[PDB]
Amino acid sequence: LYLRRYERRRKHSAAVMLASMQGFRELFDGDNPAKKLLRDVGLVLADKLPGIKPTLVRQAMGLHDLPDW
Amino acid sequence: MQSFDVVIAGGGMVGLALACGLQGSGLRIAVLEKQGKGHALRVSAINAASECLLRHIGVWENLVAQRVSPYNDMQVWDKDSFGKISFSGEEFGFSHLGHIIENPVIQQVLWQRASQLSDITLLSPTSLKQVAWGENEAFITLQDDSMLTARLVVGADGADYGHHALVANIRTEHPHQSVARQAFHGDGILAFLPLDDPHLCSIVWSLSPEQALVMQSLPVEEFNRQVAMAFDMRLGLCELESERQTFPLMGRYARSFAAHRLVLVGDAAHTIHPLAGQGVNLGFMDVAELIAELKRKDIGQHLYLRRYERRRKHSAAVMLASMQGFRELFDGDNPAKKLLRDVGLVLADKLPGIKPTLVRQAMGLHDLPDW
Amino acid sequence: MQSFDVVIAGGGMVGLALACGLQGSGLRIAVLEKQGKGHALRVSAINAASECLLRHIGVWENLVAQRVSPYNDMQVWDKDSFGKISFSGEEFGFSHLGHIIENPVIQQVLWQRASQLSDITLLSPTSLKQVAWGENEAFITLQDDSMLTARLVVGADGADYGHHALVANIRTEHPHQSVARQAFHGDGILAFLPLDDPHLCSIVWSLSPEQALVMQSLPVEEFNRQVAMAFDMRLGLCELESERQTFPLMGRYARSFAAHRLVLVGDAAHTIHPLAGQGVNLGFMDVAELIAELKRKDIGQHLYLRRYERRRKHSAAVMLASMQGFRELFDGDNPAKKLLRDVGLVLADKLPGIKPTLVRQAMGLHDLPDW
Amino acid sequence: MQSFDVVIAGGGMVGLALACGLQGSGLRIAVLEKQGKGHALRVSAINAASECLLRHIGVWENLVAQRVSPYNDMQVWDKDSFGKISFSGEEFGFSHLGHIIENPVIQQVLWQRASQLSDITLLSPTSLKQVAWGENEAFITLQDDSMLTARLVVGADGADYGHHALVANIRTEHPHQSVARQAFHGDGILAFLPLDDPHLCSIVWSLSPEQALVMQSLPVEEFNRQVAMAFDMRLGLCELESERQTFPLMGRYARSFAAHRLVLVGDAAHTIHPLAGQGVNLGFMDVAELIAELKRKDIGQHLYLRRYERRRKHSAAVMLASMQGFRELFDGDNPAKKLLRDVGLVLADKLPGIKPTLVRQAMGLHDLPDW
């Protein structure tokens, strides 16, 4: 009982990891020449976020996910 | 013969827009045209940029006093991912994004301006028998054997496709409330353009030729049912009032052709666009830029022209990239993205803030020269 | 000039069918034609409805006495699901479903009738130099500068596609036994139309342009082998007698165009159809309905015409829906359906009884006006 | 009028090649043409067979002394399977496989030969007003009302597609070293044709129309980056020098049309080919065979002609089968095949030895008549 709530959190984390792999693929398939044209002309609707570098770093370091403590 | 600076093949919306505009310029213009009060079958969704061309040429007030149907609000959604984006100019202090205006009104209006201008004369009903492209003159002829000459010639409004558009007037249960609505469903797109009647829309349904044909030939009770489901019942039960008409969408890989003393501007009125009913705007923008460039060397030489061509082929690639971009955005608004938003691990997403960028695009207040 | 009620551009099968037919009507008809005894390359599979048009115009007896190849029985199957449907008129008391008839025979016959009629004169070899579409007359001209005028003009037999048809005469090991046979294989369809010779068929092989081209250029021993496998060896070993000819199937999203004093009828002779060799029937039905409508106001005005256009575009959607329907039927005749038939849980299936509906469609005794 | 044995519509590379060639034959030839020193935008990769036609007609020495860019070595690879084949004539004792030659040089050269021949006169700038196809003469006319007659007429160099080609001059980091290079990537193919400058290539990029348009409109720094990645950085960093130009590849299901006293030869200069820059060779081979056949009955009758047509439609199927064959070869050069090679269980593979067959195809020393 005091356990399945822990289970919730983990199955949750596994969905997040799945959604992330799906998200890397979307990002790469979207970095195409038509997007390059639109960047230049300022009509991009959907793109790499400002700034995903810092978000990519917090994910690689995984300093999210932590409890603290 | 008669001598002109520019003759204009096929005088419809865009060529006349060119006529009134390419004026106060020192150029004499000939215009060749080779040929009611109810809701027209054909309508275009005229944007702010286009409005600034028509207000400039002095005609806005006219078709305003006729019939104009302001929308300031837009909704686009996808039936497969359930993604959706909505936006307004009111959010950025604008009173309207565009106007739905009947094509016959637009053209018959610019026609009336045409002969209310003296450096324009109108030649109709006239078809071409021969054109001998000379170095300095056009040397074109008419079926009635009237010889004609021109510095440069420009064709428009007619003179390869992927989809057809079915268009029609549709009465809806719920008021459209002056919202331009657009729904994606597979490779079908179904748009409702709001009209004067608070419960009437003119649709644009982009379908494969085979799909457009079946829809056009369906019995009406089935069409009514089928149009409403494809629209998510957004406006409830649907009833066709007018006839159902289809025409090929003659986009998407063209809109400009320059040549030795020839300029072609695409039939933008019949060409694909991310925003339904907006194709003609691309044409009005072709000519504004052409008015701008033409009012100066020699007007006809295909050197001072291909640079104009660059700009237009460019604009057509931008429009193509934009349709591709709306699809990416909708297919990306899925549940996995929702999960990642919540947890802060989104890499790629709808930008802050595309509402304002969607508004600058709908209004098309980019694309303008100014002036 | 010379004055006519109707002039007919490109006088082939269908236009002449119109000529003999649009007669005893008070209309003077002009007809513009711009240009052996062995088995012709080109054949059409003429149905009962078409027969009732040709028997009416008095010509049936003629090409009967020439060469006619009655089929009363038909077989269609699919090489992928192994689904198959066969049917006969004999089952419903009919002696024939149609006739395979050579195109040259049909046309040269209707040509002979043409000048055996006095309200028809034939103009050839003549090409058009100019046509100035007037309000009340056609005002068309000829290359030999002979001025010409007409109330309405109608074009046919020529004057976008997906597949090409390879057609040819093929001797088979086994007698075709007067069966029209049709086999689906992926997006290839291969039909054998039975001829006079008990062991000869004229095929129609719908292929992609690239596939049609390769087949046409294959050496004959390879073509012989390849045609027979694609036909499941239904008639055994195969031998090409005639040349191999391909032509684009100019269906499928058109067959009618009405305009101000202009009517266009599609080149139905070269257009896709569910039943091989049957395209021309759609043309003969276009004109029967046109004969019917024309023999009354003004014959030319595009008001009493677009309603005719509605009916034809409608017929083309029906033909499209039918091809889609044959594919659904074959892909549904699979082993899981067989299991469910046995156990009585089929929801959707071949109808009772599509044999009789397949017969009414092959005979095309629908589509008729009567009269 | 003036009387000619053969008049040639649209006098570009191929028609003139026909002119000089269809000569010393007893035939009088008319030729209708309806209209710098830097690296031209348009180049063709002229093979050994084509060279033997141009050396024969006496013109080789000319455009040699102008500008010629010998390649003896070729590399083709696929970015997906990593398959690749490279080959040389040097391996079989040949000094060159072909030459990259600018189109303007080729044509202006054959033009100079044209009037350096007396059974050829050149008519320009002239467009056609009317052609009345007679039984024995062509009876064609000109816009300047000069009547003209001909036994047979032949059109070329202009007068359906799948891909567009973007072509441009590209400076590369690494010297091309006189290698024709070709890389497949999905349904994109990107070729680099070596020029005089040891670090400059003219590319041919076969793309979908939508892709070609986006590439053409991309900013140059992005184009530079993008072209180099699609080429695997084979020659390092890339820099566009010239303008970017696109044109539809008007292959692939045609190249010949015979008719009653009409012969059409395809615009081979703009048609798909397995070997980049080689389309025009198919045209030069059309005419060599046509020179051969024409120098004998009546030159015009469409009987002694359709057999010529057979041979050409045949050649177009061969070219189609070849492109299909390059793709099969690359998709088959995969790791499972590598494993089987090692263990000796390969059933189907690159033949011993396709290097020599790749050389006979590049040189096109097949296809020749001899003579």
# chains A, B, ... in the order shown; residues from 1 in each chain; ligands from 1
>>> residues_around(residues="residue 311 (chain B)", least_positions_apart="3", cutoff="10 Å", atoms="only C-alpha atoms", output="list in words")
residues 256, 286, 289, 306, 307, 308, 314, 315 and 316 of chain B; 217 of chain D
>>> write_last_selection(atoms="N, CA, C and O atoms", output="mmCIF file, in the first residue's frame")
data_model
loop_
_atom_site.group_PDB
_atom_site.id
_atom_site.type_symbol
_atom_site.label_atom_id
_atom_site.label_comp_id
_atom_site.auth_asym_id
_atom_site.auth_seq_id
_atom_site.Cartn_x
_atom_site.Cartn_y
_atom_site.Cartn_z
ATOM 1 N N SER B 256 5.712 32.203 -60.523
ATOM 2 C CA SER B 256 6.431 33.236 -61.247
ATOM 3 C C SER B 256 7.189 32.672 -62.431
ATOM 4 O O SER B 256 7.774 31.590 -62.361
ATOM 5 N N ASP B 286 2.768 39.557 -55.313
ATOM 6 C CA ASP B 286 3.569 39.507 -56.533
ATOM 7 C C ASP B 286 3.527 40.850 -57.257
ATOM 8 O O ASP B 286 4.560 41.370 -57.688
ATOM 9 N N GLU B 289 5.025 44.108 -55.498
ATOM 10 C CA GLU B 289 6.467 44.104 -55.675
ATOM 11 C C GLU B 289 6.801 44.430 -57.121
ATOM 12 O O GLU B 289 7.838 45.033 -57.412
ATOM 13 N N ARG B 306 14.723 38.832 -63.556
ATOM 14 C CA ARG B 306 14.958 37.523 -62.945
ATOM 15 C C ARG B 306 15.273 37.636 -61.459
ATOM 16 O O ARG B 306 15.166 36.648 -60.720
ATOM 17 N N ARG B 307 15.665 38.839 -61.034
ATOM 18 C CA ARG B 307 15.893 39.134 -59.622
ATOM 19 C C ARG B 307 14.555 39.265 -58.897
ATOM 20 O O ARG B 307 14.438 38.944 -57.711
ATOM 21 N N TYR B 308 13.551 39.737 -59.634
ATOM 22 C CA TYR B 308 12.175 39.756 -59.180
ATOM 23 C C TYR B 308 11.663 38.318 -59.085
ATOM 24 O O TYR B 308 10.892 37.957 -58.187
ATOM 25 N N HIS B 314 11.140 32.336 -54.319
ATOM 26 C CA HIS B 314 11.520 32.300 -52.912
ATOM 27 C C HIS B 314 10.293 32.235 -51.993
ATOM 28 O O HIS B 314 10.182 31.348 -51.127
ATOM 29 N N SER B 315 9.361 33.153 -52.232
ATOM 30 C CA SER B 315 8.084 33.200 -51.528
ATOM 31 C C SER B 315 7.280 31.894 -51.643
ATOM 32 O O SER B 315 6.569 31.500 -50.703
ATOM 33 N N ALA B 316 7.387 31.222 -52.781
ATOM 34 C CA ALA B 316 6.666 29.967 -52.975
ATOM 35 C C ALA B 316 7.293 28.815 -52.171
ATOM 36 O O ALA B 316 6.600 27.870 -51.771
ATOM 37 N N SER D 217 16.007 28.018 -52.826
ATOM 38 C CA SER D 217 15.702 29.236 -52.119
ATOM 39 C C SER D 217 16.399 29.352 -50.758
ATOM 40 O O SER D 217 16.290 30.368 -50.078
#
>>> interface_residues(of="chain B", to="chain C", cutoff="9 Å", atoms="only C-alpha atoms", output="VMD selection string")
chain B and resid 126 to 127 129 143 209 to 210 213 to 218
>>> write_last_selection(atoms="N, CA and C atoms", output="PDB file, in the first residue's frame")
ATOM      1  N   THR B 126     -11.668  39.793 -76.189  1.00  0.00           N
ATOM      2  CA  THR B 126     -10.600  39.609 -77.170  1.00  0.00           C
ATOM      3  C   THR B 126      -9.669  38.440 -76.836  1.00  0.00           C
ATOM      4  N   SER B 127      -9.423  37.583 -77.825  1.00  0.00           N
ATOM      5  CA  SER B 127      -8.457  36.489 -77.695  1.00  0.00           C
ATOM      6  C   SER B 127      -7.266  36.706 -78.645  1.00  0.00           C
ATOM      7  N   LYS B 129      -4.416  35.983 -81.454  1.00  0.00           N
ATOM      8  CA  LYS B 129      -4.225  35.184 -82.657  1.00  0.00           C
ATOM      9  C   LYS B 129      -2.746  34.856 -82.860  1.00  0.00           C
ATOM     10  N   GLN B 143      -7.403  38.589 -82.518  1.00  0.00           N
ATOM     11  CA  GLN B 143      -8.232  37.799 -83.433  1.00  0.00           C
ATOM     12  C   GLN B 143      -8.940  38.684 -84.451  1.00  0.00           C
ATOM     13  N   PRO B 209      -8.054  14.565 -55.986  1.00  0.00           N
ATOM     14  CA  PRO B 209      -9.010  14.649 -57.114  1.00  0.00           C
ATOM     15  C   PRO B 209     -10.124  13.604 -57.054  1.00  0.00           C
ATOM     16  N   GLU B 210      -9.789  12.401 -56.604  1.00  0.00           N
ATOM     17  CA  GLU B 210     -10.750  11.304 -56.559  1.00  0.00           C
ATOM     18  C   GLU B 210     -11.729  11.525 -55.410  1.00  0.00           C
ATOM     19  N   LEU B 213     -14.067  14.553 -56.219  1.00  0.00           N
ATOM     20  CA  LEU B 213     -15.079  14.151 -57.177  1.00  0.00           C
ATOM     21  C   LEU B 213     -16.212  13.379 -56.502  1.00  0.00           C
ATOM     22  N   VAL B 214     -15.877  12.512 -55.555  1.00  0.00           N
ATOM     23  CA  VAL B 214     -16.900  11.714 -54.882  1.00  0.00           C
ATOM     24  C   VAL B 214     -17.786  12.599 -53.999  1.00  0.00           C
ATOM     25  N   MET B 215     -17.149  13.438 -53.186  1.00  0.00           N
ATOM     26  CA  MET B 215     -17.843  14.454 -52.413  1.00  0.00           C
ATOM     27  C   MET B 215     -18.750  15.343 -53.246  1.00  0.00           C
ATOM     28  N   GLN B 216     -18.284  15.744 -54.423  1.00  0.00           N
ATOM     29  CA  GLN B 216     -19.106  16.617 -55.263  1.00  0.00           C
ATOM     30  C   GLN B 216     -20.337  15.896 -55.790  1.00  0.00           C
ATOM     31  N   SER B 217     -20.231  14.586 -55.951  1.00  0.00           N
ATOM     32  CA  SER B 217     -21.321  13.841 -56.530  1.00  0.00           C
ATOM     33  C   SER B 217     -22.188  13.111 -55.499  1.00  0.00           C
ATOM     34  N   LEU B 218     -21.827  13.220 -54.233  1.00  0.00           N
ATOM     35  CA  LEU B 218     -22.597  12.598 -53.167  1.00  0.00           C
ATOM     36  C   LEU B 218     -23.948  13.251 -53.099  1.00  0.00           C
TER      37      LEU B 218
END
>>> closest_residue(among="B:344, B:352, B:70, B:10", to="residue 55 (chain A)", atoms="only C-alpha atoms")
B:344
>>> interface_residues(of="chain B", to="chain A", cutoff="12 Å", atoms="only C-alpha atoms", output="PyMOL selection string")
chain B and resi 85+274+314-362+364+366-367
>>> atom_distance(atom1="CA of residue 88 (chain B)", atom2="CA of residue 182 (chain B)")
14.3 Å
>>> select_by_dssp(residues="region 209-265 of chain D", states="strand (DSSP E or B)", output="MDAnalysis selection string")
chainID D and resid 238:240 245:248 256:259 262:265
>>> decode(residues="region 99-136 of chain C", atoms="N, CA, C and O atoms", output="PDB file, in the first residue's frame")
ATOM      1  N   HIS C  99     -20.303  -7.197 -76.724  1.00  0.00           N
ATOM      2  CA  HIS C  99     -19.593  -7.661 -77.917  1.00  0.00           C
ATOM      3  C   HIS C  99     -18.245  -7.011 -77.991  1.00  0.00           C
ATOM      4  O   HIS C  99     -18.103  -5.807 -77.751  1.00  0.00           O
ATOM      5  N   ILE C 100     -17.248  -7.797 -78.356  1.00  0.00           N
ATOM      6  CA  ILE C 100     -15.953  -7.214 -78.599  1.00  0.00           C
ATOM      7  C   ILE C 100     -16.019  -6.800 -80.047  1.00  0.00           C
ATOM      8  O   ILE C 100     -16.387  -7.595 -80.910  1.00  0.00           O
ATOM      9  N   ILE C 101     -15.717  -5.536 -80.311  1.00  0.00           N
ATOM     10  CA  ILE C 101     -15.765  -5.003 -81.658  1.00  0.00           C
ATOM     11  C   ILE C 101     -14.530  -4.129 -81.898  1.00  0.00           C
ATOM     12  O   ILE C 101     -14.179  -3.300 -81.053  1.00  0.00           O
ATOM     13  N   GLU C 102     -13.865  -4.332 -83.033  1.00  0.00           N
ATOM     14  CA  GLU C 102     -12.739  -3.497 -83.457  1.00  0.00           C
ATOM     15  C   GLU C 102     -13.141  -2.035 -83.684  1.00  0.00           C
ATOM     16  O   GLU C 102     -14.134  -1.749 -84.346  1.00  0.00           O
ATOM     17  N   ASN C 103     -12.360  -1.122 -83.120  1.00  0.00           N
ATOM     18  CA  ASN C 103     -12.579   0.305 -83.292  1.00  0.00           C
ATOM     19  C   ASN C 103     -12.638   0.781 -84.746  1.00  0.00           C
ATOM     20  O   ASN C 103     -13.573   1.479 -85.089  1.00  0.00           O
ATOM     21  N   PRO C 104     -11.656   0.408 -85.606  1.00  0.00           N
ATOM     22  CA  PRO C 104     -11.758   0.796 -87.022  1.00  0.00           C
ATOM     23  C   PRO C 104     -13.068   0.397 -87.694  1.00  0.00           C
ATOM     24  O   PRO C 104     -13.653   1.193 -88.423  1.00  0.00           O
ATOM     25  N   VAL C 105     -13.532  -0.812 -87.448  1.00  0.00           N
ATOM     26  CA  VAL C 105     -14.832  -1.197 -87.950  1.00  0.00           C
ATOM     27  C   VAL C 105     -15.967  -0.292 -87.462  1.00  0.00           C
ATOM     28  O   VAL C 105     -16.775   0.166 -88.271  1.00  0.00           O
ATOM     29  N   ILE C 106     -16.036  -0.049 -86.151  1.00  0.00           N
ATOM     30  CA  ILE C 106     -17.062   0.820 -85.581  1.00  0.00           C
ATOM     31  C   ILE C 106     -17.062   2.186 -86.235  1.00  0.00           C
ATOM     32  O   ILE C 106     -18.109   2.659 -86.693  1.00  0.00           O
ATOM     33  N   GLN C 107     -15.887   2.819 -86.274  1.00  0.00           N
ATOM     34  CA  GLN C 107     -15.799   4.190 -86.775  1.00  0.00           C
ATOM     35  C   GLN C 107     -16.016   4.281 -88.280  1.00  0.00           C
ATOM     36  O   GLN C 107     -16.801   5.112 -88.735  1.00  0.00           O
ATOM     37  N   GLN C 108     -15.370   3.418 -89.055  1.00  0.00           N
ATOM     38  CA  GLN C 108     -15.565   3.484 -90.495  1.00  0.00           C
ATOM     39  C   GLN C 108     -17.036   3.208 -90.859  1.00  0.00           C
ATOM     40  O   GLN C 108     -17.573   3.772 -91.812  1.00  0.00           O
ATOM     41  N   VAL C 109     -17.694   2.389 -90.052  1.00  0.00           N
ATOM     42  CA  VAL C 109     -19.120   2.168 -90.201  1.00  0.00           C
ATOM     43  C   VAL C 109     -19.963   3.419 -89.906  1.00  0.00           C
ATOM     44  O   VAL C 109     -20.786   3.802 -90.723  1.00  0.00           O
ATOM     45  N   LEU C 110     -19.762   4.065 -88.763  1.00  0.00           N
ATOM     46  CA  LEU C 110     -20.510   5.288 -88.447  1.00  0.00           C
ATOM     47  C   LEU C 110     -20.181   6.425 -89.407  1.00  0.00           C
ATOM     48  O   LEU C 110     -20.976   7.345 -89.597  1.00  0.00           O
ATOM     49  N   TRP C 111     -18.990   6.358 -89.990  1.00  0.00           N
ATOM     50  CA  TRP C 111     -18.563   7.301 -91.016  1.00  0.00           C
ATOM     51  C   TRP C 111     -19.418   7.116 -92.279  1.00  0.00           C
ATOM     52  O   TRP C 111     -19.859   8.090 -92.894  1.00  0.00           O
ATOM     53  N   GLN C 112     -19.657   5.860 -92.647  1.00  0.00           N
ATOM     54  CA  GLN C 112     -20.442   5.553 -93.835  1.00  0.00           C
ATOM     55  C   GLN C 112     -21.886   6.006 -93.650  1.00  0.00           C
ATOM     56  O   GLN C 112     -22.547   6.409 -94.607  1.00  0.00           O
ATOM     57  N   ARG C 113     -22.371   5.949 -92.413  1.00  0.00           N
ATOM     58  CA  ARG C 113     -23.725   6.401 -92.129  1.00  0.00           C
ATOM     59  C   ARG C 113     -23.773   7.907 -92.251  1.00  0.00           C
ATOM     60  O   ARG C 113     -24.757   8.474 -92.720  1.00  0.00           O
ATOM     61  N   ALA C 114     -22.683   8.547 -91.841  1.00  0.00           N
ATOM     62  CA  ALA C 114     -22.618  10.001 -91.768  1.00  0.00           C
ATOM     63  C   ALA C 114     -22.995  10.690 -93.082  1.00  0.00           C
ATOM     64  O   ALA C 114     -23.840  11.575 -93.089  1.00  0.00           O
ATOM     65  N   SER C 115     -22.377  10.265 -94.179  1.00  0.00           N
ATOM     66  CA  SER C 115     -22.650  10.842 -95.500  1.00  0.00           C
ATOM     67  C   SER C 115     -23.836  10.167 -96.175  1.00  0.00           C
ATOM     68  O   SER C 115     -24.232  10.550 -97.277  1.00  0.00           O
ATOM     69  N   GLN C 116     -24.380   9.148 -95.520  1.00  0.00           N
ATOM     70  CA  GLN C 116     -25.645   8.552 -95.924  1.00  0.00           C
ATOM     71  C   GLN C 116     -26.737   9.289 -95.174  1.00  0.00           C
ATOM     72  O   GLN C 116     -27.838   8.775 -94.983  1.00  0.00           O
ATOM     73  N   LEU C 117     -26.395  10.484 -94.710  1.00  0.00           N
ATOM     74  CA  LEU C 117     -27.332  11.380 -94.055  1.00  0.00           C
ATOM     75  C   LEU C 117     -26.996  12.780 -94.542  1.00  0.00           C
ATOM     76  O   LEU C 117     -25.817  13.157 -94.611  1.00  0.00           O
ATOM     77  N   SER C 118     -28.037  13.542 -94.872  1.00  0.00           N
ATOM     78  CA  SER C 118     -27.910  14.801 -95.607  1.00  0.00           C
ATOM     79  C   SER C 118     -27.785  16.046 -94.730  1.00  0.00           C
ATOM     80  O   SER C 118     -27.211  17.053 -95.159  1.00  0.00           O
ATOM     81  N   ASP C 119     -28.326  15.980 -93.513  1.00  0.00           N
ATOM     82  CA  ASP C 119     -28.086  17.024 -92.507  1.00  0.00           C
ATOM     83  C   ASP C 119     -26.710  16.875 -91.863  1.00  0.00           C
ATOM     84  O   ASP C 119     -26.341  17.632 -90.963  1.00  0.00           O
ATOM     85  N   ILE C 120     -25.961  15.885 -92.334  1.00  0.00           N
ATOM     86  CA  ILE C 120     -24.559  15.777 -91.999  1.00  0.00           C
ATOM     87  C   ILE C 120     -23.707  15.881 -93.259  1.00  0.00           C
ATOM     88  O   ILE C 120     -23.936  15.187 -94.258  1.00  0.00           O
ATOM     89  N   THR C 121     -22.723  16.761 -93.196  1.00  0.00           N
ATOM     90  CA  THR C 121     -21.656  16.770 -94.173  1.00  0.00           C
ATOM     91  C   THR C 121     -20.352  16.596 -93.404  1.00  0.00           C
ATOM     92  O   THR C 121     -20.282  16.903 -92.208  1.00  0.00           O
ATOM     93  N   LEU C 122     -19.336  16.071 -94.077  1.00  0.00           N
ATOM     94  CA  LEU C 122     -18.096  15.696 -93.410  1.00  0.00           C
ATOM     95  C   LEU C 122     -16.933  16.525 -93.946  1.00  0.00           C
ATOM     96  O   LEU C 122     -16.700  16.598 -95.158  1.00  0.00           O
ATOM     97  N   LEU C 123     -16.207  17.155 -93.033  1.00  0.00           N
ATOM     98  CA  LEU C 123     -15.139  18.074 -93.411  1.00  0.00           C
ATOM     99  C   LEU C 123     -13.754  17.533 -93.027  1.00  0.00           C
ATOM    100  O   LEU C 123     -13.412  17.433 -91.839  1.00  0.00           O
ATOM    101  N   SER C 124     -12.964  17.192 -94.045  1.00  0.00           N
ATOM    102  CA  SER C 124     -11.690  16.507 -93.843  1.00  0.00           C
ATOM    103  C   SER C 124     -10.872  16.519 -95.131  1.00  0.00           C
ATOM    104  O   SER C 124     -11.438  16.599 -96.224  1.00  0.00           O
ATOM    105  N   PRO C 125      -9.534  16.460 -95.007  1.00  0.00           N
ATOM    106  CA  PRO C 125      -8.798  16.538 -93.737  1.00  0.00           C
ATOM    107  C   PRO C 125      -8.636  17.997 -93.319  1.00  0.00           C
ATOM    108  O   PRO C 125      -7.939  18.756 -93.997  1.00  0.00           O
ATOM    109  N   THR C 126      -9.285  18.392 -92.228  1.00  0.00           N
ATOM    110  CA  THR C 126      -9.310  19.803 -91.846  1.00  0.00           C
ATOM    111  C   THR C 126      -8.896  20.040 -90.391  1.00  0.00           C
ATOM    112  O   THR C 126      -9.396  19.385 -89.481  1.00  0.00           O
ATOM    113  N   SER C 127      -7.983  20.988 -90.188  1.00  0.00           N
ATOM    114  CA  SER C 127      -7.580  21.415 -88.846  1.00  0.00           C
ATOM    115  C   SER C 127      -8.003  22.873 -88.593  1.00  0.00           C
ATOM    116  O   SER C 127      -8.168  23.663 -89.536  1.00  0.00           O
ATOM    117  N   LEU C 128      -8.173  23.230 -87.322  1.00  0.00           N
ATOM    118  CA  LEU C 128      -8.654  24.570 -86.963  1.00  0.00           C
ATOM    119  C   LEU C 128      -7.554  25.642 -86.921  1.00  0.00           C
ATOM    120  O   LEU C 128      -6.487  25.437 -86.345  1.00  0.00           O
ATOM    121  N   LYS C 129      -7.820  26.793 -87.528  1.00  0.00           N
ATOM    122  CA  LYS C 129      -6.858  27.887 -87.492  1.00  0.00           C
ATOM    123  C   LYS C 129      -7.214  28.886 -86.391  1.00  0.00           C
ATOM    124  O   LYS C 129      -6.336  29.394 -85.691  1.00  0.00           O
ATOM    125  N   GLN C 130      -8.510  29.149 -86.239  1.00  0.00           N
ATOM    126  CA  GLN C 130      -9.008  30.094 -85.239  1.00  0.00           C
ATOM    127  C   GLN C 130     -10.468  29.807 -84.875  1.00  0.00           C
ATOM    128  O   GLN C 130     -11.260  29.387 -85.725  1.00  0.00           O
ATOM    129  N   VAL C 131     -10.814  30.025 -83.610  1.00  0.00           N
ATOM    130  CA  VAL C 131     -12.213  30.039 -83.196  1.00  0.00           C
ATOM    131  C   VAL C 131     -12.501  31.244 -82.300  1.00  0.00           C
ATOM    132  O   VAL C 131     -11.907  31.397 -81.229  1.00  0.00           O
ATOM    133  N   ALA C 132     -13.399  32.107 -82.762  1.00  0.00           N
ATOM    134  CA  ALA C 132     -13.805  33.273 -81.995  1.00  0.00           C
ATOM    135  C   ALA C 132     -15.204  33.055 -81.432  1.00  0.00           C
ATOM    136  O   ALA C 132     -16.198  33.264 -82.128  1.00  0.00           O
ATOM    137  N   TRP C 133     -15.271  32.638 -80.169  1.00  0.00           N
ATOM    138  CA  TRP C 133     -16.534  32.281 -79.517  1.00  0.00           C
ATOM    139  C   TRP C 133     -17.491  33.453 -79.357  1.00  0.00           C
ATOM    140  O   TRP C 133     -17.369  34.250 -78.423  1.00  0.00           O
ATOM    141  N   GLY C 134     -18.457  33.532 -80.266  1.00  0.00           N
ATOM    142  CA  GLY C 134     -19.431  34.610 -80.273  1.00  0.00           C
ATOM    143  C   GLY C 134     -20.617  34.337 -79.372  1.00  0.00           C
ATOM    144  O   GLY C 134     -20.773  33.231 -78.866  1.00  0.00           O
ATOM    145  N   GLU C 135     -21.456  35.346 -79.165  1.00  0.00           N
ATOM    146  CA  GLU C 135     -22.603  35.176 -78.284  1.00  0.00           C
ATOM    147  C   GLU C 135     -23.634  34.232 -78.886  1.00  0.00           C
ATOM    148  O   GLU C 135     -24.234  33.423 -78.175  1.00  0.00           O
ATOM    149  N   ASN C 136     -23.830  34.336 -80.198  1.00  0.00           N
ATOM    150  CA  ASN C 136     -24.881  33.586 -80.880  1.00  0.00           C
ATOM    151  C   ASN C 136     -24.364  32.572 -81.906  1.00  0.00           C
ATOM    152  O   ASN C 136     -25.062  31.614 -82.246  1.00  0.00           O
TER     153      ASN C 136
END
